[PDB]
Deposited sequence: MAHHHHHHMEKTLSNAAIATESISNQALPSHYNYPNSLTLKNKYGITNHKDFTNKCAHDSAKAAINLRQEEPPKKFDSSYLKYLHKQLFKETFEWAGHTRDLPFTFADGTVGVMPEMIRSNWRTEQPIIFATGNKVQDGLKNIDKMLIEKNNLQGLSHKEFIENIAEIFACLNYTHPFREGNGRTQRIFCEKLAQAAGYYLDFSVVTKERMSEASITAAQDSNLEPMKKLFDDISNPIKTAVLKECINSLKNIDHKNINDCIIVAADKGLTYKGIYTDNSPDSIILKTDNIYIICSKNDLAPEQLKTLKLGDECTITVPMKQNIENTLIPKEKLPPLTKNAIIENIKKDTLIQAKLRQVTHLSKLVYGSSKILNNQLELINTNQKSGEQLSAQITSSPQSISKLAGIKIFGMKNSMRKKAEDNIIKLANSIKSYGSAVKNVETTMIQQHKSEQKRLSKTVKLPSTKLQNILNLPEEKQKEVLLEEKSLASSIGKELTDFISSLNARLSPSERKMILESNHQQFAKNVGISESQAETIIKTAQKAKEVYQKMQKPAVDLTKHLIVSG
């Protein structure tokens, strides 16, 4: 039946679009089409941008992409197009269903396509191809243009890639560089769906901000490449965005990128640079927990090679756990539990009481006394006393009560001493961490960077190395020597790129300090130990 139908855009009873190649299998046709499309896109990106951006340039892009593929390459879907085969194709109505909601998503219909294009051109005329405009104006306008192009769906197929190239060249003209590879399939689809359904352009605006701002682009690209899965899901099937400075994000720490952390909020993942968090937070953060992170306007605001850590003061329950870890307390505890088993019949009987001493309640000789005078108060003493009988267990327990009390007193004294020493060590670590290392001066940095190489600057270098030795722990300095960037970043609480920067500058400082010095005036060695 001679007529104009959408079905004529495909081969009969087939998803394969009519093409010049002649291939009918959909798999082979898709593979060939994408293979040629990649080359066409590369060559198009080589070309210089046009003076004006309009519908005609988009048609040129589409034609150059699909010239070898589609007899209708370069022709809008709304315009009825005759095939050389004699058929006539039209696409007045286009719909797609978000699978999440199974709700209709309607593209432009009929001549509305043209209107959109016309409308677009008007904005691309008055707004001077989005040149000379602020960052925010450019983001808003390009988001509107891309969303209107997506809604228009001017070409039966291929409008996604042509839109990508058109926007890339337009931004290039505006001075920005766009990267869509850092855009997950889920994120792009969700932004497009919001725009098409609720006319929410804010997700699209954020997306274009992220792919136009190089720092956010680097953050997202780093996370995408390093991590191949998020929340047990493929990286593509996740909506991931970068954190914007000065805001707050309350989410769930789910994945640890080498230089970033990821927070989940309602299935949307936020990438927070480790370098935008204080070391105390990162040490405190534990994977799986709920967290609240605020993004600073500027890290290294006090430019420092190694940042400070404000060590939180010790918790009471943390004190209890630490003293439980201590091995002297463990030895005293095992002796006490042995005596408790002998006297009462089960160690656990006295455990509650032990816990009291841990919390500085009923502590010291309060329990010991209670053991000697009123052992029955805690529990029945080991053994039985029938008709006033004294079993062997009864005699043994009555003999061991005093040793139990003495062990308890020793345990309390040990707990007190251990707590005091623990507090002192924690304060010493706090003093070490409150130290800071200043960024090497520009001249010192230039010296350190130069490979060939060969006293005021020397004095600055010695001060820098002294700050290093003070701030760093011996273990961390060993990590410096062995170039253990991963564990160094773990210990000091920094991004691994920052950790590598620190390690390299420190190694250069050490070598330069060595080479500057040649003190052979005398070398005191082999001190006299015996006569």
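*Asks:* Could you name the stretches of the deposited sequence that have no C-alpha atoms in this structure?
*Replies:* Those parts of the chain that were deposited but carry no coordinates are 1 to 23, 478 to 489.
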